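Below: the structure, in structure tokens.
Residue numbers start from 1 in every chain, and the chains themselves are labelled A, B, ... in the order their sequence lines are given, proteins ahead of strands.
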Amino acid sequence: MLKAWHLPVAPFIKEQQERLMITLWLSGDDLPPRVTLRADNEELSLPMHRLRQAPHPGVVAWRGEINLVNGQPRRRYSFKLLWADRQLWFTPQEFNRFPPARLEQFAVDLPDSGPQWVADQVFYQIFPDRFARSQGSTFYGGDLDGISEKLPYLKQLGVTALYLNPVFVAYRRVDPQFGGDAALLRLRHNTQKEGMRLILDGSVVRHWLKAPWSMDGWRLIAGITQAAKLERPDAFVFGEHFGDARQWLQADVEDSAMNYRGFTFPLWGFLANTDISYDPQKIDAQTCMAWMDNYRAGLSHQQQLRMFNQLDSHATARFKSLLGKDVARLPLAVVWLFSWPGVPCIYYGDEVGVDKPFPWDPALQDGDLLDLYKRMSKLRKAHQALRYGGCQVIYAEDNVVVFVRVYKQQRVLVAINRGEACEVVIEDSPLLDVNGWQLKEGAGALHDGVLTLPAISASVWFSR
Amino acid sequence: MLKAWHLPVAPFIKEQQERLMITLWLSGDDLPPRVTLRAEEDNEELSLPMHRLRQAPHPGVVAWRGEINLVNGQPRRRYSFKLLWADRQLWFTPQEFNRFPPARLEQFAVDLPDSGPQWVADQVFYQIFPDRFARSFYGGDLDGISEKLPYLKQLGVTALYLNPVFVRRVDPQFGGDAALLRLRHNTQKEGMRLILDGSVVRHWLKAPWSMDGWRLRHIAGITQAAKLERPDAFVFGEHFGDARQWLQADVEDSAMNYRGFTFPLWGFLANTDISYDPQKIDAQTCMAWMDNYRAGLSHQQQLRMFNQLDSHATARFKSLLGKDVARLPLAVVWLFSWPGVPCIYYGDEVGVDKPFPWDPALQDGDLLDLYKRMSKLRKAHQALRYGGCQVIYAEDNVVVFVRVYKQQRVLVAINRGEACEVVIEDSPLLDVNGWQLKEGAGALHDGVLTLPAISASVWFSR
């Protein structure tokens, strides 16, 4: 049977001078004697050649290249496999018998003018009134100076970036109940001292990106983003879209979006049987991964890496409550939040099991859930594949999802099981052709092509 | 098994004051107790409750109705259907059922109000390369085109597309600007539209030129300027690839529908593509391809898509068919029946595969009659101009779809191979008084379609 592999990341792509080297892996019995790379402002049919060296047993590699001197920075491409009498397309969504949509090709941004720092962050979203008062009707009285005082707690959590929502009285002034502008200036100063980024909910845009405010970005069209980039070239401008944000992302009017359609609601469906309307969902692993892969396909690799992933937000119920009787699935969602492409965003209180003022008393905190959050941010800070890697789903059937993050030689294997304990046969795969695997999270077992997965579990292996 | 029908056209939609009434048809054994109309989308996704009607519109069909308030929101009304059971949900979309939510830009869509060029759907276009058409360099000129306007009227043409015309200045080898002005006056007297290939945008839509449109953010400014001078200007682009991003942002009115019509027919009928790479496309894949493209377009946009078998940038379709040239009348029936406006490339109607053959002894007379017959059928039946389109059957060699408009139905059957017979499922879209065959030699009889070899047949509901 014909198989193919390509991820818009090393080892499948490589820049060399002004040339983007692209590699396709194939396997099967009736291999195409020709493959063309379908890719300067016009659609081109670029020739590929077959390499002499098999990259993996039973795999032939084809290589082509795009000239980067001329063209828009977003490099779109797909693979046109050619036989004597027919053709087949390879895309981010497997094979296609008819041409893929232009906006559903593989894509890499070269050169990349997006905010390079976002992929390295772990964001924390704060509703200031309920987080921390600095040492009422519905004003609990927490403020920004409370946040400053809690910067050590968040540093220990793995947090590197704060997202404040709300901030302003809604030209633009910080709410006096949060400490006013003077408290915000202190919070900027203190997060800089801790190496933490700071993002505010919203030329007003340029003013708060100016010194001495020097905010790292805005949560909000293209004119706003362009003005934001003029004041601060690495400003992060992202949108809160509950629906399909792809049209905005595909026109580059925002750097990223809070990825409800591409991450949150698929997991609400697969893990909590519900959706944004609290209508019932009966979503198996096949459908969840088709959904998530279909959304991703419209995004360049760099865009995917900046997508804002969250289990819940100021606008939704807490995910822990949404799981209801199936609250044991919550750690599965935490592993997933930190291992899927994009930047994890923790809604304040999720890490201590809130389901309402933050419980600073350690006896009202779920310490095991808190430990898991610390472990995932550590694994993510230590392994480039969880921050910069491509993502390929290996297995999606009923209760079990298995995908691998791919970056240079590094592989991170993730196995998610929402149901009873089981064993799952994983076909031999050249993406999984490694020395061995080190189990670093979870209690699953990988041995002789077989995954042994405990009931209601998530497991992470790293290639050695 | 669950079945569903909806086309963004009457009898499924109907405007009433400032409300858009939407109807969904369902059929099957485990029907959803609830259905939600998921609408608006562009600003504020809304969940609108639908209720069930007491009258079955067709045997075995339950109807659900909801409504969108048209007072607020952008003119493009996007929606889809969220079928609800106690434990699960299912989406109904232009591409049938989906287990997860459809893309926002792949929902049903109607333009209300429709500010696009409403006259475009009523046209039959004729694209001329002026040097090879008619002398009054082979030496053809625009005054030659004027002299041949009776011939083009007899063909059924109602709109001319000149490519090229300019050197900007009208090329002097064609008669210069004066010959084009006479062609504008002569085509206006014949009621024919005139589109030129391209600030200069406004100059040619202004008097005394008063052209009907142009062939081309940068495009958005060009389109914005054309509409300011002439609100019914037709601004469309020549896209060989996927034009959806430009159309879904309204920077152009329409596109030369290579991705959505031409190349699917090249694959299915002529086994080739724009690169002349081999194509092995059966009816299932061709119809999935063509329907996948349309789903990214509103109904009004689809009716304006520029359909073509070939053009100045391509080989003639008659030659691309090669040994399979008997399929050419199939493509002509399809050109005039698929959603969009047909564009005839000069000489296709007389079998050009090079100066135009004006000697009736060098013309394919039978192919000419078919063009005449199809343009008369299109001009006489609104469903072929304003109707929705539902693929009924698409397997291997046979394509069968229906155009739907109010009570009118047009059934089209295409068979690229040997004579065969086909079973057509009962469909509430084909539940009609009876069928009148008006083109082709197919036969419909008690659920059986008998399709002659390499043929296309058109029936009309009576």
Side-chain angles (χ1 to χ4, degrees), chain A residues 97-98, chain B residues 2-7 11-12 24-31 56-62 92-97 264-265 267-269 280-292 294 324 326-327 329-331 333-334 337-339 377 383-384 387-405 407-462:
Chain A
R97 297 181 179 280
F98 64 87
Chain B
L2 175 76
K3 296 184 163 204
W5 302 266
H6 174 82
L7 301 173
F12 295 99
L24 170 68
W25 293 351
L26 293 179
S27 176
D29 274 319
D30 180 23
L31 293 178
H58 299 267
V61 175
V62 304
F92 190 68
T93 72
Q95 292 172 100
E96 304 207 351
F97 295 104
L265 261 69
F268 177 68
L269 297 182
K280 184 187 220 73
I281 292 299
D282 54 15
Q284 303 95 312
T285 299
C286 184
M287 289 323 115
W289 180 352
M290 294 172 78
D291 275 1
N292 170 265
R294 298 163 55 200
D324 292 329
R327 301 172 167 183
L330 281 60
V333 172
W334 209 342
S337 335
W338 197 249
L377 288 186
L384 293 171
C389 179
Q390 177 71 50
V391 173
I392 294 310
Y393 184 105
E395 293 195 24
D396 288 76
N397 293 333
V398 175
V399 178
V400 178
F401 57 91
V402 59
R403 304 294 302 275
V404 176
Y405 185 76
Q407 325 294 301
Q408 308 163 233
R409 307 287 184 267
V410 184
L411 182 69
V412 185
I414 288 150
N415 172 25
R416 76 177 169 184
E418 290 206 25
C420 64
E421 291 198 336
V422 158
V423 172
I424 295 301
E425 307 187 349
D426 294 306
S427 165
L429 291 176
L430 299 188
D431 174 39
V432 293
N433 300 315
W435 293 106
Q436 293 177 346
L437 180 63
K438 301 231 182 197
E439 173 59 36
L444 181 43
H445 177 278
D446 294 320
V448 166
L449 261 185
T450 306
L451 302 181
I454 314 177
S455 65
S457 303
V458 188
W459 291 264
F460 296 76
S461 55
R462 91 162 128 73

* To do: Give a yes or no on whether B:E395 atom CD has more than 12 heavy-atom contacts from other residues, nucleotides or ligands under 6.0 Å away.
  =>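 Check passes, neighbour count above 12.
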* Asked: Counting only heavy atoms not in B:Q407, do more than 12 fall under 6.0 Å of its CD?
  ->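 Atom CD in B:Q407 is not crowded, with 12 or fewer foreign heavy atoms closer than 6.0 Å.
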* Positive for side-chain contact (heavy atoms from CB on, under 4.5 Å) with B:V400, one of B:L444, B:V391, B:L411 ->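 Result: among B:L444, B:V391, B:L411, B:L411 is the only option passing the side-chain contact (heavy atoms from CB on, under 4.5 Å) with B:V400.
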* Can you name the residues that form a side-chain hydrogen bond (donor to acceptor under 3.5 Å, both in side chains) with B:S455, not counting sequence neighbours? -> none
* Asked: Taking only residues two or more places apart in sequence or in another chain, which ones pass ring-ring contact (aromatic ring centres under 6.0 Å, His included) with B:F460?
  -> B:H381
* Structure fact -> Taken in chain and number order and not counting sequence neighbours, the residues that satisfy ring-ring contact (aromatic ring centres under 6.0 Å, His included) with B:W5 are none
* To do: Using the test side chain to side chain contact (heavy atoms under 4.5 Å, CB included), find all partners of B:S337 that sit at least two apart in sequence or belong to another chain.
  => B:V333, B:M374, B:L384, B:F401, B:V412
* Asked: salt bridge (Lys or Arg N to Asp or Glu O under 4.0 Å): which pairs involve residues 283-292 of chain B, sequence neighbours left out?
  -> B:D291-B:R294
* Structure fact -> Residue pairs passing the salt bridge (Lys or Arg N to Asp or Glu O under 4.0 Å) test with at least one member in residues 415-442 of chain B, sequence neighbours excluded, are B:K3-B:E425, B:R373-B:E439
pair [X]-[Y]: side-chain heavy atoms closer than 4.5 Å:
{"X": "B:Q390", "Y": "B:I392", "value": "yes"}
{"X": "B:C420", "Y": "B:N415", "value": "yes"}
{"X": "B:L449", "Y": "B:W459", "value": "yes"}
{"X": "B:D324", "Y": "B:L269", "value": "no"}

* **Audit row: B:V399, B:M287, side chain to side chain contact (heavy atoms under 4.5 Å, CB included) steps and yes/no** => CA-CA 8 Å; B:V399 178; B:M287 289 323 115; 3.6 Å; yes
* Can you tell me if B:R403 uses its side chain to pair, donor with acceptor, with the backbone of B:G387 under 3.5 Å? ->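 Checked: pair present.
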